[PDB]
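Just the one chain here, the form deposited in one PDB entry, laid out as structure tokens.
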């Protein structure tokens, strides 16, 4: 039991027991041990316990909490908190198990949370239509403020998945945080919306706004996923300004990457950065046929003059299903090889079609080096 494991760690270190008891709000370690040893069905709120678990077992919280959450009473608030914490961490297996428990519950609020998060997950897997999710959300007769919030906030992820940034923005304008009571759920939702708006701002080349939202997410959250994508976003906002500061933010994201997917995203960010600034690149991915990491490897080859290998990778990519943004990068690299302006023109057209107001400067800058009118280039960028 997680309860006894917390006490056993604290009994071996008096200062650790005192600081963790103080973090949970206790002056005496005995009341703290009683709190953490509360039977799972009798737990009232997860917030403090989640703080203790994250402080004590940072590398094993998914497993311990995977066992702990499944013992909560599905009819009560702790289980709903558990589904939100599980989903924000992207613990999909646990999240779906908890969703089943919440749906099979006798309590209407738990059933409502289970149905809304079930719709959220079906949208994540593209197993339901967005309008079908709106209608099904209408059939749930959503009563609680939280779910009234989340049944709308969840739409932002799908709109992001289809690149409908406008409908993201409008959706976020309907989110009234004042309708939410203070506590764990409201802070979690705050971190979510902070990250979403951070990526919205970065996509519009509003760097200060993106940094604001990212920093606020870091300040309100200790969830590894949130902080990882926050430092990833900050570093992304620094790509064309300062190599050392961008790299420093990226590296700050390292301690928050807990799976190889986020690790390869971070390595890819540093690989793109060092390719951009022609710095020492330790992050070339040689064990991937992912479109983006193949693109980054071809970029590295181009910088090192290995044009045949880069052109081989790009030839393989031409038969892959690259989306329009990936095609903007793709024709940027083809232009780096060919030095033909039409490739930079096509790169620009694909960055425009993907509504990317940030990385479109890649070909533009290259057009600027080749002696293009800087005013015309500035008109193209917007």
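Numbering follows the first chain given and starts at 1.
When the two stretches 128-136 and 114-122 are set side by side, the higher mean Cα temperature factor goes to 128-136.
For the segment pair 78-86 and 100-108, the entry gives 100-108 the higher mean B-factor, averaged over Cα atoms. Sorting 257, 142, 302, 246 by the CA temperature factor given in the entry leaves 142 at the top.
Taking the deposited Cα B-factors for 327, 348, 43, 53, the highest one is held by 43. For residue 236, the recorded CA B-factor ranks within the lowest third of the chain. Only modelled residues enter the ranking.
Placement of the Cα temperature factor of residue 192 within the chain: lowest third of the modelled residues, per the deposited record.
The entry lists a Cα temperature factor for residue 72 that places it in the highest third of the chain's modelled residues. Per-chain ranking of the deposited C-alpha B factor places residue 292 in the middle third. Sort the modelled residues of the chain by CA B factor and residue 312 lands in the highest third.
Not on display, but discussed next: the form solved in complex with a partner chain.
Across the options 205-213, 308-316, 94-102, 295-303, residues that bring heavy atoms within 4.5 Å of its partner chain in the entry with it bound belong to 295-303.
Although the partner is absent here, residue 236 lies within 4.5 Å of its partner chain in the entry with it bound, judged by heavy atoms. Put simply, residue 229 is close to its partner chain in the entry with it bound: some heavy atom of it is within 4.5 Å. Remark: residue 225 counts among the residues lining its partner chain in the entry with it bound, judged by a heavy atom distance of 4.5 Å or less.
Contact annotation for residue 150: none of its heavy atoms lies within 4.5 Å of its partner chain in the entry with it bound. The listed set 119, 185, 196, 79 contains one residue whose heavy atoms approach its partner chain in the entry with it bound to within 4.5 Å, identified as 196. With the partner omitted from this view, the residue of 265, 180, 284, 175 that lies near its partner chain in the entry with it bound is 265 [heavy atom within 4.5 Å].
Against its partner chain in the entry with it bound, the set 160, 325 and 329 is in full contact: each member has a heavy atom within 4.5 Å.
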